[PDB]
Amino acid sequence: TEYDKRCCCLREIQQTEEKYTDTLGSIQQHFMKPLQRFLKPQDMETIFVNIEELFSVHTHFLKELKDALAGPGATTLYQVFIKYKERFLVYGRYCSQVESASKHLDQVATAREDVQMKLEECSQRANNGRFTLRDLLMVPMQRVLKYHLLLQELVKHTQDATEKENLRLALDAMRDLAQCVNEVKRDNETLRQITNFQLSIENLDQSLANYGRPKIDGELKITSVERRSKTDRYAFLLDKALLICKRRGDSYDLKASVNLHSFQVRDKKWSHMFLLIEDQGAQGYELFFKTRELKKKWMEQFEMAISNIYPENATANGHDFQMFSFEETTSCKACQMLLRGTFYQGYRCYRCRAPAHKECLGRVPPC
């Protein structure tokens, strides 16, 4: 019965891909084309995002998929998935923008009776009123997250140990893809938070995202060598620095960027404190917090920030790994899976330029 289930599964892979590609086609031909006469280019871009790229990629994917399945033993099927893994990274953009697209579609349709009526017509023409455009826009998110499931099942059914091994490579690829799409969404959300912080800070020396991911922000009292008594400050902790600011109205003026490459943590109201001190430096800070609970929370976040700058195994096996923002699709030198997200995705060895995930540093072959 295992072989029967194997062949059913192969057929489902093809049939569901055909249906999906046709759904993308229907969006393009029954909704996009007609709505161009109703919506400004700006509106079209916001609502449909990169659906046309998805249609182009999947049309070709489907052809290669059908070719693989028609070949003896479907032995090249795993290659098609692996081949398209990086092409499918376009889902990063789609899934990061689909909420905004859906929101904007609802807004235009509520504002404009003629658009609402056209949408009802388009739905009727496309699918007999079964599915709204708003619903259809979620189908791509659904699809990209089916691939790992279909492959997981295929692996289970086939009794061919060679085919199992090859398909496991494709399963790994589609799980990797799904994680990448998830991390792109997370990074875009984080970047929105960073942009909002940046707009409220005055006198920044550089883009705030250069400092990495936000950890914690809030009120504290600080003493310095240059200023001995407790002064009220507002701080933003990111991976690479503590940005000490003074609240001026609704904005924050940057007074000091404390570089965490150098500075290390040494352990009533406002008495709860720890030191931020440089290894051999002339400058040291005392950071005072309102409560013990706030002190604990900040110390924990400082630990996380420093762990990102100086991860376990950063200098293992001759390497010198440092936080790095990759601007092109990149694979980890240890595990061969993709670096995930849109900025500070992992590490790059200063010496040999090997890219690696934080978790993989000790497993990269010697420098």
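Each residue number is its position in the shown sequence, starting from 1.
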| property | result |
| --- | --- |
| Extent of unmodelled deposited sequence, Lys268 relative to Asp267 | 4 to 9 |
| Between 152-160 and 273-281 (mean CA B-factor, as deposited), the higher | 273-281 |
| Between 117-125 and 143-151 (mean CA B-factor, as deposited), the higher | 117-125 |
| Peak C-alpha temperature factor (PDB record), options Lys290, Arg175, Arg93, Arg87 | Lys290 |
| Top Cα B factor in the deposited entry, candidates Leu191, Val181, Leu199, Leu133 | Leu199 |
| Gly212 - Cα temperature factor, lowest/middle/highest third of chain | middle |
| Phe236 by Cα B-factor - lowest, middle or highest third of the modelled chain | middle |
| Modelled-residue ranking by C-alpha temperature factor, third containing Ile47 | lowest |
| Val57, C-alpha B-factor rank within chain (lowest, middle or highest third) | lowest |
| Third of chain Cα B-factors occupied by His30 | middle |
